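Each answer follows from the model by the rule given with it, or from the source it names; these are not laboratory values. Cβ placement follows ideal geometry from the backbone for every residue including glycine, while neighbour counts extend to all protein chains displayed.
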Ligand code: NA
Ligand code: NA
Ligand code: NA
Ligand SMILES: [Zn+2]
């Protein structure tokens, strides 16, 4: 359809203040009654345009009078000649069972449940579906007692009743005005885990976690995590929960990961259910993350919400920042930072090049569900971290405070949040605001000079953002640029300028500038962009010895990891160019020596050693190139792994045996050691075949937990070892009746370095555990093929592109949101060689031709083809 523009936001002509919903539930045909209290603010001649999608309108009343001055248009109900203040009453029917897109009210298994973010409440009743219209909800659900014993909506339960013919009803009331995207409804039969948490001030909150029956044994971690979140937000931000009850329901059929619906979060069951033999350490930490995340939304998203959808980052960048900080306090900050930066550089930077490039606050949007992006979430949070970096904790907290004090109870803008941070701190963020409106990844170039006569070090820093598909015009940003300077012994040299300390975060605000430091008593090795202080590409001409020096001496663990990625980047690029000419991998001795040194340093945190021995992902590697040869990258990763497996075999095995652990515990010291042990196992898989096949299958068979079971299975697949098919069948045989566990197996299948991986993947569309109606299964198999196996996806013959087009033809009609996730590999076409671009362009031109092309796909397809 047509685009919506941020600069066209105007306040609404009408407001709703209270809405009283009734649901006569039935999966075939639900009847919705909505009584809303409205107020005209605009002109008298302005009609009321209510949004609505695939609703069957039964009746319209205005102050109990059957209305005759209205009409239905494309996606709207238009009501005219209205009083200034009035009661609106709509009755409509919807059909949950038919809803395969999982927008609105749909069925997930036997259960009914909702997804309204961003614009799904309009698939339930005619409303002002925009998040600047906030109102007090009352929700009455009626349903078959047998099939739907639990009837849940937002708030507290305020009435209940039984009816003839085996039906019953519950009524719910949320005292906080909210935008309709935060409305939730759930009916079904569940096992319920109940605990309580008591707030800092005495308030006792009931906690109820709803799971499909028989899953009550994978619930406690989720619950413990929720409790930790409530405590952490209390300790770090001073934020207490505001209601008496907190519900979380885990469903299997869900497009997102989870949803901050006020008082009644709905979670993909992926980010709830864990048990030591079904879930890995990553799963546990992700559940901690997502539970936390939705919880933190209770302030940064609900108590203060978004005036319009272009302000999505207001809540998501801030709430992601909050889930990073939660994870980082409770666990390893260094590991957390490293991985979040892997994500920025690997995946986000790629999107900021792509035809979908947008600023964290978009200016144009066709389908809003396309803008739940790495950019809005992860880059959004980096922008928040930058603010935190410029202001410091004490100041940042005062801004949070002023933000809430001003906007609690309303919908706000990104600019409002920045103004709160500015006014509380008296740090000026006028120039900084440009981060909200400029797309693309800036490139910061650093040139250095030491003058021993004067004992001064000059940094010449310059910046440029190259043009993007979405903006022709770019300008310099306010870039917090952190530096440490190290002397010959590995001590930090103090920064100064004329006998006066200088702050180690520099304000790179111009296209080019120059910083001169004094009393620099020795020629420094610098650490640049410490802790990835801005979401930029750094360009500096490191010597390998500067890099290895930093791996040995840098204060900050992140700087050691990052020195290593820079060391290794050089050689990844070398060996890709070599691969392309039929040459074998070449690697200097001293490079392997550095990784050996990390493996044998007793001073090293195992967690860090583990991340330094985790090679960059293929996506992380691709960001190093202008043109991507996915096959060269894939083969080079495989080779580089083999070479270090050989060069480090004795030390790898030593460290593998050293960090054996008889007990399994989800505690961070233990996870660090298990991560390191399994990092060693990966390399060993790629070494001597018999020894490999022995360790891998032994670890798999003997593993007490899924982290170890799967690490070995995954290495058997990755390294193509003898036991593979057997181990792989064993897993199927055991876990096929369990979708979330099978997700891992599908990924392994889909990301196999095998020769006939596409043929296997087409076949797995028939597998017992697979189903095209379940977005988890789709992402696990098809998603992992297209997104995480770029070597097979970008086969020379175009067979990958055609497979995705077949799938997308199905998913376009069934679930556009998921089709849109899946097309992302294909809109990156302008990044590969001509021969590939042509086939990709052809695939996109096929999809453009679809009878009933969704807006979701249409938005991305016309940008890419443009
Ligand atoms: Na209102
Ligand atoms: Na709290
Ligand atoms: Na910590
Ligand atoms: Zn969120």
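May I ask you to verify whether residue 419 is touching a helix residue (DSSP H, G or I) at 6+ places or on another chain (Cβ under 8 Å) and either surrounded by fewer than 20 Cβ atoms within 10 Å (Cβ to Cβ) or free of Cβ contacts under 8 Å to residues at least 24 places away in the same chain (or both)?
no
So is residue 655 touching a helix residue (DSSP H, G or I) at 6+ places or on another chain (Cβ under 9 Å) and under 30 Å from residue 353 (Cβ atoms) or not?
The answer is no for residue 655.
Across segment 22-40, what is the number of residues that are closer than 16 Å to residue 173 by Cβ and within 16 Å of ligand 1 (Cβ to nearest atom)?
4
Out of (1) more than 16 Å from ligand 4 (Cβ to nearest atom); (2) farther than 25 Å from residue 555 by Cα, the odd one out for residue 345 is which?
Among (1) more than 16 Å from ligand 4 (Cβ to nearest atom); (2) farther than 25 Å from residue 555 by Cα, the lone unmet condition for residue 345 is (2).
How many residues are surrounded by 15 or more Cβ atoms within 10 Å (Cβ to Cβ) and touching a strand residue (DSSP E or B) at 6+ places or on another chain (Cβ under 6 Å) if we restrict to segment 538-549?
Count: 4.
Please go through segment 500-524 and pick out each residue that is touching a residue at least 24 places away in the same chain (Cβ under 8 Å) and farther than 22 Å from residue 442 by Cα.
516, 517, 518, 519, 520, 521, 522, 523, 524 - these are the residues of segment 500-524 that are touching a residue at least 24 places away in the same chain (Cβ under 8 Å) and farther than 22 Å from residue 442 by Cα.
Out of contact with any strand residue (DSSP E or B) (no Cβ under 7 Å at 6 or more places or on another chain), without any contact (Cβ under 8 Å) to a residue 40 or more places away in the chain, closer than 23 Å to residue 762 by Cβ and not in a helix (DSSP H, G or I) - does that describe any residue in segment 826-845?
Within segment 826-845, none of the residues are out of contact with any strand residue (DSSP E or B) (no Cβ under 7 Å at 6 or more places or on another chain), without any contact (Cβ under 8 Å) to a residue 40 or more places away in the chain, closer than 23 Å to residue 762 by Cβ and not in a helix (DSSP H, G or I).
Looking at this structure, is residue 319 within 16 Å of ligand 4 (Cβ to nearest atom), under 30 Å from residue 405 (Cα atoms) and in contact with a helix residue (DSSP H, G or I) (Cβ under 7 Å, 6 or more places away or on another chain)?
yes
From (1) touching a helix residue (DSSP H, G or I) at 6+ places or on another chain (Cβ under 7 Å); (2) farther than 16 Å from residue 366 by Cβ; (3) not in a helix (DSSP H, G or I), pick out the condition that doesn't hold for residue 853.
The one condition residue 853 does not meet is (2).
Within segment 382-400, is there a residue that is within 15 Å of the chain's Cα centre (by Cα) and touching a residue at least 24 places away in the same chain (Cβ under 8 Å)?
The answer is yes, given that some residue of segment 382-400 is within 15 Å of the chain's Cα centre (by Cα) and touching a residue at least 24 places away in the same chain (Cβ under 8 Å).
Residue-by-condition table, conditions (1) near ligand 2 (Cβ under 10 Å from one of its atoms); (2) under 30 Å from residue 20 (Cβ atoms); (3) within 23 Å of the chain's Cα centre (by Cα); (4) touching a residue at least 24 places away in the same chain (Cβ under 8 Å):
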| site | (1), (2), (3), (4) |
| --- | --- |
| 182 | no, yes, yes, yes |
| 188 | no, yes, no, yes |
| 198 | no, no, no, no |
| 216 | no, no, no, yes |
| 232 | yes, no, yes, yes |
| 240 | yes, yes, no, yes |
| 243 | no, yes, no, yes |
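Looking at 195, 189 in this structure, which one is touching a helix residue (DSSP H, G or I) at 6+ places or on another chain (Cβ under 7 Å) and either within 16 Å of ligand 4 (Cβ to nearest atom) or closer than 27 Å to residue 273 by Cα (or both)?
Testing whether each residue is touching a helix residue (DSSP H, G or I) at 6+ places or on another chain (Cβ under 7 Å) and either within 16 Å of ligand 4 (Cβ to nearest atom) or closer than 27 Å to residue 273 by Cα (or both) leaves just 195.
Give the residue, chosen from 747, 778, that is assigned to a helix (DSSP H, G or I), under 22 Å from the mean Cα position of the chain (by Cα) and crowded, with 22+ Cβ neighbours inside 10 Å.
Step by step, each of 747, 778 is checked, and only 778 is assigned to a helix (DSSP H, G or I), under 22 Å from the mean Cα position of the chain (by Cα) and crowded, with 22+ Cβ neighbours inside 10 Å.
Please state which of the following conditions residue 45 fails to meet, knowing it meets all the rest: (1) closer than 27 Å to residue 148 by Cα; (2) without any contact (Cβ under 8 Å) to a residue 24 or more places away in the chain.
Only one criterion in (1) closer than 27 Å to residue 148 by Cα; (2) without any contact (Cβ under 8 Å) to a residue 24 or more places away in the chain is unmet by residue 45, namely (1).
Checking residue 419 against (1) in a helix (DSSP H, G or I); (2) outside the structural domain of residue 351 (by CATH), which single condition isn't satisfied?
(2)
Residues of segment 476-504 being within 34 Å of the chain's Cα centre (by Cα), in a loop (DSSP other than H, G, I, E, B) and surrounded by 12 or more Cβ atoms within 10 Å (Cβ to Cβ), which ones?
Across segment 476-504, the qualifying residues are 476, 477, 478, 504.
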